[PDB]
Amino acid sequence: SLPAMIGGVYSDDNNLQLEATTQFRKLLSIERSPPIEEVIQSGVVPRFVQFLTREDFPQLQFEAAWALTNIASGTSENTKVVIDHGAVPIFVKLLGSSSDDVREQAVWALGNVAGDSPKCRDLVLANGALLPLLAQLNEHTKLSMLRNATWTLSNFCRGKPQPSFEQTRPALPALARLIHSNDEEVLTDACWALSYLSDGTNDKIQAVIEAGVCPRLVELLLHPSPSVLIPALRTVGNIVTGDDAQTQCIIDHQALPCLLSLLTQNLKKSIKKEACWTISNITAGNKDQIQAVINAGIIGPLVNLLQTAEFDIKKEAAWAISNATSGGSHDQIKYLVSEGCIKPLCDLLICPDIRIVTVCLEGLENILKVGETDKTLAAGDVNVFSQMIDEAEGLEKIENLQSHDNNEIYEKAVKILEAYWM
Amino acid sequence: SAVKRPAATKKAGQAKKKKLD
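Chain order of the listed sequences is A and B.
Under my numbering, think of the first position of the first sequence as 1, with each following residue one higher.
Under my numbering, think of the first position of the second sequence as 423, with each following residue one higher.
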């Protein structure tokens, strides 16, 4: 069986070559446990790479490109064999073939090489695969090509350390057009690619925003498929980690009522946790951005999550309420208190996460300054919010934080007690 | 404060895809 396939690919007869390349392809196209290792050991990989350059025989090109796609879909050691036989520059060249079938297979193959690791991803981009990949993207592009290329594009952006920004910047106009598709697969892969490009410094977020993605990304927060929603939510969340102007791009497109609906629907814990992290990066902004959070009606259900939800959700909801106390106005902080935020912030003071203790302590302190301003202005006998902290059992918790190992938590507790309980 | 916090959990699609047909 196999010594006839090797002889066929190693023969110089066009029909013998196509017959055994189809046989090798079929053997590599099997469901689970493909004999990729045995196909490599048969010494046929360099012949398939040679069969890629045969532009007078497009059927063999496609069969050889599909067999190499499946070898490149295995282990890193299998992907390296494809790289060592110089397939990467030949697949970039095959993106300019008269055959739609060869172009599509070359796109998949490069996606599989770029998918292996940041090193392999970097080799594909250094071989200039990005521009010709984007060149076969237009209004006459078939759905199968739109899906293969959008998935390859996501692999070009994928991994840590991230690719150079100048290297993935040409992708942004194409990705902004691809998120307008109604195909869930295209949407999933374009959202994944945008979640990678937006994960970083503010100069990256700025370019993502200038491509005009914010209105369509907000709409995608309401996509019924979680496959779309997960990278959509992550992209929105990465954009709002930028400056106030960058964060405003998302808020202007009614994202806050959309983010609220993710907190009130019967959704996965990981989706609610991400919505809370997103909201927290918005309450980390200016007084107008906090107002928009208040206006959307998020504070109420956020305070309930801060009190009743699973620890990972409570963590993000803690950062969201505390951020609002940090940048917020006097009357906004008071609105947070009237929505019942003091008790749940107090209850997380004995929490084993020192970061969360510090966040809730800062939130309670910010609230205390406001309560003090009300006392001074009205010549009152007591700080109303210091009474509420004591009623919520928060006072005894702050007094106990004087025994905490952490200096920052200790020094905070002492500073709070000296300024409000002497 | 307040400070903007980047994502601390790794979220990504499928690295490789095998062509079955």
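Even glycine gets a Cβ: it sits at the ideal position worked out from N, Cα and C.
Distance from A:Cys360 to A:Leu345 at the Cβ level is roughly 4 angstroms; contact confirmed, criterion being Cβ atoms closer than 8 angstroms. Approximately 7 angstroms separates the beta-carbon atoms of A:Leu28 and A:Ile71; this is inside 8 angstroms, confirming the contact. Note on geometry: alpha-carbon atoms of A:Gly371 and A:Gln206 lie some 39 angstroms from one another.
Look at the segment 358-380 of chain A: the residues with a C-beta under 8 angstroms from a C-beta of chain B are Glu362.
At a C-beta separation below 8 angstroms, A:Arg54 has no neighbours in chain B, since its nearest C-beta there lies roughly 20 angstroms away. Runs of the alpha helix (DSSP H) spanning 4 or more residues and lying entirely within the segment 334-389 of chain A occur at 342-347 and 354-378, in chain order. Under the Cβ distance rule, A:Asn323 counts among the residues neighbouring chain B, one pair being separated by less than 7 angstroms. Here A:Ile30 is exposed. Its C-beta has fewer than 16 other C-beta atoms within 10 Å.
Bounds of the alpha helix (DSSP H) holding A:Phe165 are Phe165 to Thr168. For A:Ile36, the enclosing alpha helix (DSSP H) covers residues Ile36 to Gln41. Secondary structure of A:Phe57 (DSSP, three-state): coil. Among the CB atoms of chain B, none fall inside 7 angstroms of the CB of A:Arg147.
Shown here, A:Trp421 sits in coil according to DSSP, grouped into three states, outside any helix or strand. Listed along the chain, the chain B residues whose CB falls inside 7 angstroms of the CB of A:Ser73 are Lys438, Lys439 and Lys440. Between A:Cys249 and A:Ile279, the C-beta gap is not smaller than 7 angstroms, which leaves the two residues out of contact.
Rounded to whole angstroms, A:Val107 and A:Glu274 show a C-alpha spacing of 32 angstroms. Between the beta-carbon of A:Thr235 and that of A:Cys276 there is about 16 angstroms, and that puts the pair past the 8 angstroms contact cut. By the neighbour-count criterion, in which a residue is buried when 16 or more other Cβ atoms sit within 10 angstroms of its Cβ, A:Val186 is buried. With a cutoff of 7 angstroms on beta-carbon distance, A:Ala324 and A:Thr283 are scored as near each other. Looking only at A:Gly363, A:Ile230 and A:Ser33, the smallest Cα-Cα distance to A:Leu220 is reached by A:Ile230. Here the alpha carbons of A:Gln61 and A:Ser33 stand approximately 25 angstroms from one another.
Listed in chain order, the positions of the segment 277-302 of chain A with a beta carbon within less than 9 angstroms of a beta carbon of chain B are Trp277, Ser280, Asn281, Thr283, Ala284 and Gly285. Pairing A:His180 with A:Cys214 gives a Cβ-Cβ distance that is not under 7 angstroms. When the five nearest sequence neighbours on each side are left out, the beta carbons in the same chain lying within less than 7 angstroms of the beta carbon of A:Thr373 are those of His330, in order along the chain. For A:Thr264, there are no neighbours in chain B by C-beta distance under 9 angstroms, as the nearest C-beta there is about 23 angstroms away. In the structure shown, A:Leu395 adopts helical secondary structure according to DSSP, grouped into three states. Listed along the chain, the chain B residues whose CB falls inside 9 angstroms of the CB of A:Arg158 are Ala434, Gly435 and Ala437.
Here A:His85 carries a coil assignment [DSSP, helix/strand/coil]. Between A:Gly328 and chain B, the shortest Cβ-Cβ separation is not below 7 angstroms. Remark: fewer than three beta-carbon pairs, one from each stretch, lie closer than 8 angstroms, so the segment 388-400 of chain A and the segment 138-158 of chain A are not flagged as touching. A:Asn286 sits in coil when the DSSP states are folded into three classes, being neither helix nor strand. Annotated as proximal: A:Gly340 and A:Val303, with beta-carbon spacing under 7 angstroms.
When the beta-carbon positions are compared, A:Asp116 and A:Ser76 come within less than 7 angstroms of each other. Taking 7 angstroms as the threshold, the shortest C-beta distance from A:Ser29 to chain B falls below it.
Within 8 angstroms of the CB of A:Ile230, the CB atoms of chain B belong to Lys433, in sequence order along the chain. Taking CB atoms only, A:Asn112 has a neighbour in chain B less than 7 angstroms away.
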